[PDB]
Amino acid sequence: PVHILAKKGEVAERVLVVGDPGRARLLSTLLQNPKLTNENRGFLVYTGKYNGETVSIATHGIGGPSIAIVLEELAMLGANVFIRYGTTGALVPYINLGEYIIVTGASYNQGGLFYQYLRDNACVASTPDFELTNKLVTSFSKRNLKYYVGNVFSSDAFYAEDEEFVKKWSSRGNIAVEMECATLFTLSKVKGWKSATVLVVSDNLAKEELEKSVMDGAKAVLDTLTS
Amino acid sequence: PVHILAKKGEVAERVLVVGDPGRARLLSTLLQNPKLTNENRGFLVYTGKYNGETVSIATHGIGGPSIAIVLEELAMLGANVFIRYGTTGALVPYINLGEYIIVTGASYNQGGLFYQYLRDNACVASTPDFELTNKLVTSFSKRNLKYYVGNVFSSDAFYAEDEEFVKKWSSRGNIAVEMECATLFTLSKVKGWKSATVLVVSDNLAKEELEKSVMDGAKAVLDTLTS
Amino acid sequence: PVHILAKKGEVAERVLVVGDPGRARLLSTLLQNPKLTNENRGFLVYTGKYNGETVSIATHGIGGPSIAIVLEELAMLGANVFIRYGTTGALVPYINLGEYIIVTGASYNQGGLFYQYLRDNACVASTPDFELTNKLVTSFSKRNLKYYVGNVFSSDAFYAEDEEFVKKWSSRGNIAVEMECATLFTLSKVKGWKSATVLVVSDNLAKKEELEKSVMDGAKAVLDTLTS
Amino acid sequence: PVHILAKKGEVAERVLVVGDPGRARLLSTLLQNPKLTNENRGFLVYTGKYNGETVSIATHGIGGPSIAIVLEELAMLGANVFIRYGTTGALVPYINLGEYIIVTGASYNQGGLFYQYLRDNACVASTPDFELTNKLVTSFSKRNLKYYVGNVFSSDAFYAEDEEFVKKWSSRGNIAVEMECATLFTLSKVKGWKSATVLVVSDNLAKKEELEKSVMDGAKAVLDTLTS
Amino acid sequence: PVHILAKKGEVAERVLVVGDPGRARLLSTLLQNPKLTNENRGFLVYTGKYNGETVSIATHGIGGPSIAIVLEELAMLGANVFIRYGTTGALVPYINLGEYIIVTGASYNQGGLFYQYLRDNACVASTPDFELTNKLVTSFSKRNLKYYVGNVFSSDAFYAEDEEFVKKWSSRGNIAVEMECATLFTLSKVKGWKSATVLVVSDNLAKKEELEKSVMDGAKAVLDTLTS
Amino acid sequence: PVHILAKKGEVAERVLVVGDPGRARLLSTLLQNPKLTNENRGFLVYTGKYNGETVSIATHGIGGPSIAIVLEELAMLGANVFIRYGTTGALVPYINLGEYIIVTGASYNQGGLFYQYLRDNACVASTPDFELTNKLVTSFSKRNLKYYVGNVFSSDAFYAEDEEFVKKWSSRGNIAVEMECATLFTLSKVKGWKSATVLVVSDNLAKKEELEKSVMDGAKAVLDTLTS
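Sequence order for the protein chains is B, B', C, A, A' and C'. A prime marks a further copy of an entry chain.
Just so we're aligned: the first sequence equals residues 3 to 209, 217 to 236 in the authors' numbering.
Just so we're aligned: the second sequence equals residues 3 to 209, 217 to 236 in the authors' numbering.
Just so we're aligned: the third sequence equals residues 3 to 209, 216 to 236 in the authors' numbering.
Just so we're aligned: the fourth sequence equals residues 3 to 209, 216 to 236 in the authors' numbering.
Just so we're aligned: the fifth sequence equals residues 3 to 209, 216 to 236 in the authors' numbering.
Just so we're aligned: the sixth sequence equals residues 3 to 209, 216 to 236 in the authors' numbering.
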């Protein structure tokens, strides 16, 4: 690996991945005896224990190309189970800020990354691991957290203008928008990794509280990863 | 509707759809007081009761264009919950004939039907309803039936040659191949219908028993539809 | 053959194909000593005589994927000449219901089935056999039938919305819309089959006993051609 | 028009179009009282009479973009019937040099010009006028000329390499390759012009005086069609 | 080569290419002892000397397919440095008629020719040779000519309608529109040829003697570059 | 600004952008009185003085989507001139590690980000600012640095397999591969920003203190340009 310079054996098979290095540092406090196994290029990776299992929390940056690199290198270091925990913008009015979205699929616009990996324009089903996703539903249920299950649109251009953005994607079965799920799911299906994703709603495009929301969700994810 | 000439009120909200008219006729025997509500164009539709609920068994023919027409017309007649029960060819060697595949997603090649409905080439997540799919897992589990959960490739050309067919689609996360799921899932997401799919493995591309397999599975599906 | 379960020699070289199994049965009454050679999966196929010539009438269901399977299997059983006889919706105001359209080509949206067969997105000319199409014209005009010759758009989504549908496809040279011609024409060119298509106008997007008479009359004309 | 500087009334409704300006000059000798109505940008356009009808012979250069400009401008000058008479390379073994191909359709790769005119990547049927094409057949047969009727692949890159070129396109139902057919047909369909095409086989990818005679003989049959 | 019938040794390594055969003839007067080395298919090619260097001026017709054929054949005859000197329509208000645009890149719609050469739909950077382009700038500045440096949109359909044409392409970083740049640049990149382009603004989509002078003055600056 | 949380006036008009936050910090030592204006989400931005000129050094992370967000937000904060300084893998054998490549254009696969910004699949010329790029050349040559000028392929999949990778992209005119240039160039053209790119060759796909010296030396040259 040329980006994640962690020593082999410093990355766990189970990894909770987040886009913000700051969130990785903040969530590492949930682990027992957290150790920083990587700092290169800002991709903070911490490894420690939780519920009797070794677990790692890694930073994936923003966008499909960035998360693809991070997943590929973590996998080369031994990782095979990934659960992305990020922030999203709801596309439907009934979802409130701070609530969660357990992703069942990702819509995406055909693009370079998918073409380079798939070798053609086939719309390969970009879905998470079935079992893993159900365990997440179980963990969030056990902790009495309010969540919704559904597809998300994985956008590549945060600032590109689209006057019909919300209507378009919500009418296509998506309840939220973010930027890395399609890559995570598809690459995982091709590579054989087990992946899933839960998102914290930080904004609603159709319409300290957030801090706690982020922490509560992270605990649910770690429970799932170590279940 | 111009194809399914069923009278309004003759089609239930819950519909089990199969491609073969013969299978529809054969499965109608599982309903209480089955009535033929449509015969036009060979699209046999039967309506009756099961576990205290009105249910319909409809024929959708072969291919996305055919199933799209049938779903659209059944929906115009009141249907909003669809569960496709079909036959498939496994893409992985560990699945045996007669076993079942509970579909979690559908890979497809971009094409006319998807372009006409979506209005562009976006790879909209073609997934079934989460809840419904889990109920299917529950019903097949309760009846001790051997199943596998995973994505399928919805092909449009049964006889088109592809020397690397099995390797290609299996390496893309698909465990089986059929022809209508992608259309069913995507159209359902756009229209707001609740859909799912279970397939009976009749052949394995990587490698009276079938009769019973078909019947046993159908009972599991009807249980799900009326749960 | 996985869908059409007919035996060796039951399927004729020349086949009149229709989408509706009801029409296959109905038209089978125009033949001499018709034999139901297949009914599996609803794909009714009949083989009888017309003008002392053996021919078959087969059901192809709705859509490209469906007709592709049927043609492939019929071909495996001996068929090599196919004339589709179906229903269409006119895209021009001057065409009346019950009249006919003799198809000269088919417009289509790329992808799906075409990509799997062609291996890329090239727009291969989707046209019927020149000779066979001219024989249909002679046959129809001979029976004093009202027909129009032109291209059609082969749609894959009967109910997909398009507020510019009519203007769009008519401005592109298509005079009617149906769903199987592009598949029938392209697959035939690739497999080496002789194909053509005649459509009965059952609706006019630009605008029961009578329609069945229209169907029956055109059927005779088509059968004349398939046995000429 | 900025390329074809002919004045209104100098271009006929009926136009025989050729890619080579040298061919236009050579064929103008078949008209009665031929007059050069344009030479700008090398696009030679002659106008004269034939069989009691006014006809023009125009140069279209090489490629879809070039023929598109020429057709658009001739049309703005009153032209509405076009018959392209070009040269082609056969894709099948049985067609001999000097023989003709009457075109029934054109296969083509999507993109560029087609996207700009059609506004999306739909594979619109690229076919010639049915009536006009049959007349060409009648005229070539009436002059006892050897012709074959079939589709052609309209290539945009004469020199792009493709190892399986001949097999790929012939297996797709095309019997020859050239570069302007698809553009002519599709654009004519969109603009409402009546077009057709006959090609002289100058090479066979599957397998001088005699050629000039071939070119001359075919030109006469085309002119007969244009004036019928 | 089947279009450019010049013999080896008759085409120079350095070639100034223009779309109009009339322009090639007019510019040949700038060379010393100009000799016509080809006129086949109207593609006029002159070869002479300039600044102690042998240079050819060749006609490329209109459109990517046409220029592709000409470049390929000239290259087979020994050419390896090409500078296109054409006419263009400005897409921005501030550029005046008769002024020049030194091209730094070409936007284009995928498909056809690009797909056949590149083998897929990748957006390969369509840029001119860096060194040669800077020399053009130096030469135009040395002759006190008004030029602007920027990208252009290489259109394939001169007459296709697009309501927001000017705003769309100017908002995409293009300052003018023409039809051969993208093909020239990309093909040169693939074949290893050194190419560049200067355009004379003959129209402004955003807003005779004076023009000929403009054309002549720019031709001299281009010839200086080619021989430097 | 959602990611770069800097205040009004902290971000300079001219910005040197790098993908690695470690390099941003390291290079910030070349400035006078450097101030860390942002560290949110790891996107370190420093604003200091160079040759008595205010400039900023910003982190853009890896990939098109990441750099697009950073550029958009920096622009919202006052930035309008961007020079990317990164690392690349040469696609040609004659380029040594530690040497530099001054980018003249970027090849890319269509889709994703480009489709969302451009609204269709047009291959818009992805080029840097002509003037700014020439100043980089002067700056590097002035400091006696070994550089090569050419196009690069902006890949989105660092680890995707392609057994023909090197031959494919080098045959298409690219001399190196990285991941952000196409995005930087196209977005800049659309938004009206002046951009350029210089890359340090850290690997040769066609074949520690030394690399850091290479990085530091080139950084000075780039900073000279941004403050010229």
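Where a beta carbon is used, it is the ideal one built from N, C-alpha and C, also for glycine.
Going by the beta-carbon positions, is the gap between residue i and residue j smaller than 7 Å?
| i | j | result |
| --- | --- | --- |
| B'/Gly107 | B'/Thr90 | no |
| C/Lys191 | A/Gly175 | yes |
| C'/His5 | C'/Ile103 | no |
| B/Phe45 | B/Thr31 | no |
| B'/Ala26 | B'/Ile59 | yes |
| A'/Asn111 | A'/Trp195 | no |
| B/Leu186 | B/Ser197 | yes |
| C/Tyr87 | C/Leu18 | yes |
| C'/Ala92 | C'/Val57 | no |
| C/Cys183 | C/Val139 | no |
| C/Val94 | C/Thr199 | no |
| B'/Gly114 | C/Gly113 | yes |
| B'/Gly54 | C/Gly63 | no |
| C/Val168 | C/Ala208 | yes |
With a threshold of 16 other CB atoms inside 10 Å of the CB of residue i, please say whether the residue is buried or exposed.
| i | result |
| --- | --- |
| C'/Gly21 | buried |
| A'/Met181 | buried |
| B/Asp131 | buried |
| C'/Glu41 | buried |
| B'/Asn98 | exposed |
| B/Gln34 | exposed |
| C'/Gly11 | exposed |
| A'/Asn146 | exposed |
| C/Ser156 | buried |
| C/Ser236 | exposed |
| C'/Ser109 | buried |
| C/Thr39 | buried |
| C'/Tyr96 | exposed |
| A'/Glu217 | exposed |
| A/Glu74 | buried |
| B'/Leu134 | buried |
| B'/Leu219 | exposed |
| B/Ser141 | buried |
* Pair every Cβ in the region 158-166 of chain A with every Cβ in the region 63-72 of chain A', then say whether three or more of these pairs are closer than 8 Å. => Look at the beta carbons and you see the region 158-166 of chain A touching the region 63-72 of chain A': at least three pairs across the two are nearer than 8 Å.
* **Completely contained alpha helix (DSSP H) runs for the region 84-164 of chain B, where each covers 4 or more residues** => If only complete runs of 4 or more residues are kept, the region 84-164 of chain B shows the alpha helix (DSSP H) at 114-120, 132-144, in order along the chain.
* Using a beta-carbon distance cut-off of less than 8 Å, what residues from the region 157-170 of chain B' approach chain C? -> Within the region 157-170 of chain B', the qualifying residues are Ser157, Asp158, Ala159, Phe160, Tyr161, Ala162, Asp164.
* Three or more beta-carbon pairs under 8 Å between the region 42-50 of chain C and the region 225-234 of chain C, yes or no? -> In short, these stretches do not touch, since the Cβ pair count stays below three.
* chain C contacts made by the region 94-105 of chain A, where a contact means CB separation under 7 Å -> Cβ contacts with chain C come from no residue of the region 94-105 of chain A.
* On the three-pair Cβ rule with 8 Å, is the region 195-208 of chain B touching the region 133-151 of chain B? -> In short, these stretches touch, since the Cβ pair count reaches three.
* Asked: What residue ranges within the region 6-83 of chain B form continuous alpha helix (DSSP H) runs of no fewer than 4 residues, ordered along the chain?
  -> If one requires a minimum length of 4 residues, the alpha helix (DSSP H) runs lying completely within the region 6-83 of chain B are 23-29, 66-78, in chain order.
* **Residues from the region 107-122 of chain C in contact with chain A, defined by Cβ distance under 9 Å** => If the cut-off is 9 Å between Cβ atoms, the region 107-122 of chain C has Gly107, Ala108, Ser109, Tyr110, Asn111, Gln112, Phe116, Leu120, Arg121, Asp122 near chain A.
* With a cut-off of 8 Å, do at least 3 Cβ pairs link the region 115-126 of chain C to the region 71-85 of chain B'? -> Three or more Cβ pairs closer than 8 Å define a contact, and the region 115-126 of chain C falls short of that threshold against the region 71-85 of chain B'.
* Asked: Looking at chain C', which residues of the region 172-191 of chain B have a Cβ within less than 8 Å of any of its Cβ atoms?
  -> Those would be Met181, in chain order.
* To do: Would you list, in chain order, the members of the region 134-157 of chain A' that have their beta-carbon closer than 9 Å to a beta-carbon of chain C'?
  => Listed by position, the residues of the region 134-157 of chain A' near chain C' (Cβ gap below 9 Å) are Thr135, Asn136, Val139, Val151, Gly152, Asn153, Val154, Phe155.
* To do: Taking only beta carbons into account, state which residues of the region 67-94 of chain A' come closer than 8 Å to chain A, listed in chain order.
  => For the region 67-94 of chain A', the residues whose beta carbon sits under 8 Å from a beta carbon of chain A are, in order, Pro67, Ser68, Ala70, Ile71, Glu74.
* Using Cβ-Cβ distances below 9 Å, what residues of the region 32-54 of chain A' are close to chain A? -> From the region 32-54 of chain A', only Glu41, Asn42, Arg43, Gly44, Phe45, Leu46 have a Cβ closer than 9 Å to chain A.
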